[PDB]
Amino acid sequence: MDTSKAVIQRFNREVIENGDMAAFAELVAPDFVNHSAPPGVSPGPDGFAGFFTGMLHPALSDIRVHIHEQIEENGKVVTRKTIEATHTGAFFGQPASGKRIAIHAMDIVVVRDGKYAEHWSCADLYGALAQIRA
């Protein structure tokens, strides 16, 4: 039986790095809520999947997620990480630059019965677009 931290590590590897949506289905609960979802997006699992399949993986190639630290209290796991990838597609209105960039992020995940139940995210887009524009 693997830990909440282990489940988040598996999600970052199989879903964010590899883009395995079969792994997504296995690691995200049907009652999942993305509290950080923008006002126009579905806070549900389908909205969350749509961010990876429709936005992230079309924009970023050769994704490497560097998990620096994981702080856990009361079933919530804070992951401080870096998303390193090659900018090969339009990202936040920025056309493909071919540049390898590093996005600093922090997410808070609530894992229940081996699946993602609740999620909050924070990312340095200002800095990532600055990298793209240099």
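Residue numbers here begin at 1 and follow the sequence given.
- Taking only CA atoms, the mean B-factor in the PDB entry is higher for 39-47 than for the other of 39-47 and 55-63.
- Averaged over CA atoms, B-factors in the entry run higher in 22-30 than in the other of 100-108 and 22-30.
- In the PDB entry, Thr79 places in the middle third of its chain by CA B-factor.
- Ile8: CA B factor in the lowest third of modelled residues in this chain (values from the PDB entry).
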